[PDB]
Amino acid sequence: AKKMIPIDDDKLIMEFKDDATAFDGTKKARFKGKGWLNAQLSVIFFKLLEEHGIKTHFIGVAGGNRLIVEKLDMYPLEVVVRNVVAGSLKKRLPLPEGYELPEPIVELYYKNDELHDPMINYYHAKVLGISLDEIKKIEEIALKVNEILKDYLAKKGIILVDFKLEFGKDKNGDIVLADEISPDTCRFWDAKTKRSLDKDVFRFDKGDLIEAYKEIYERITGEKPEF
C-alpha cells in the first residue's frame, strides 16, 4: 500500500496508496481516501514521537499522501508491541481476546514474505546479523514509542491494542524509527465499545474502512478529514 520513491542516497518519498491488501494479496480492495488518511496519521504520529526525542525517518510532507523520509539501512524486522491480547497472540498465550496485559509485550518477526514473517528470538536475530546490543536498543525505543502512542490515544478514548514498527540505521549508525504508523499497522479499539478502528475492519469485513479511519483522524485532530 506504499510506493517508495528514491530522491537520492539519503532521502526518499514514501507515497501512500488507496489499495487495501490482506491475506497475502488474496483479498484486495481500493478505498478512496485511505492513502491520504494514513499519510496524515503517520505525520501526526512521527511528529508526536519526534517531540519526545524519538529519532524517526520523518523529514516533511510533499503533498496529501506523500512523505519525505530519510533513507535508512533497514533492519529485516517487524517489531511488534502488544498491550491488549488480540490476533496471533491468542495462539501463543492462554488468554482471551481483549485481555489487558500487565506489561507490554515486544515480539520480533523476521521480515520475509516467503517464510510468512516468522517470529524470532535474540539468537535468531544474531544469525540474521543483528547484535544483542542493537536488539536491546530497538526494544527500548519500541517500548518508549508504545508508551507515548498508548497514552496519547487513551486520552482520546482509543485503546492501542498492538502495533508493528520498523527500524533502520542512518549515516551515523544511529537506530531510526521508519516505515509508517497508521491504522494499517496498529490495532486501535474504541475505549467504550471496543470496536476496531483499523485494518481489521477490512480483514474481517466488520464494517466500513474509510469510516473507521476517518473516526481515528477526527478524534486525534478534532476536525473532519480534508483530503
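Throughout, rigid core stands for the largest set of C-alpha atoms superposing within 1.5 Å between the two forms. In this text, residue numbers run from 1 along the sequence as written.
Colleague: Rigid core superposed, root mean square over structures and residues, which stretch has C-alphas farther from this form in 8 other deposited structures of this protein, 154-162 or 22-30?
Modeller: Evaluated in 8 other deposited structures of this protein, the stretch farther from the shown form is 22-30.
Colleague: In 8 other deposited structures of this protein, superposed on the rigid core, which stretch sits farther off in Cα RMS terms, 111-119 or 139-147?
Modeller: Most displaced of the pair in 8 other deposited structures of this protein: 111-119.
Colleague: Between 80-88 and 108-116, name whichever shows the higher mean Cα B factor according to the PDB entry.
Modeller: Mean C-alpha B-factor is greater for 108-116.
Colleague: Do the C-alpha atoms of 92-100 or of 142-150 have the higher average B factor in the entry?
Modeller: The stretch with the larger average C-alpha B-factor is 92-100.
Colleague: So where's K164 on the chain's Cα temperature factor ranking, which third?
Modeller: Ranked within chain, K164 CA B lands in the lowest tercile.
Colleague: Which third of the chain does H124 land in by C-alpha B-factor: lowest, middle or highest?
Modeller: Answer is lowest: the recorded C-alpha B-factor places it there.
Colleague: Classify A29 as lowest, middle or highest third according to the C-alpha B-factor given in the PDB entry, relative to its own chain.
Modeller: Highest third, going by the recorded CA B-factors of the chain.
Colleague: Could you look up the Cα B-factor of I158 in the entry and say which third of the chain it sits in: lowest, middle or highest?
Modeller: According to the entry, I158 has a C-alpha B-factor in the chain's lowest third.
Colleague: Give the position of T193 by CA B-factor within its chain, expressed as the lowest, middle or highest third.
Modeller: Its C-alpha B-factor belongs to the middle third of this chain's values.
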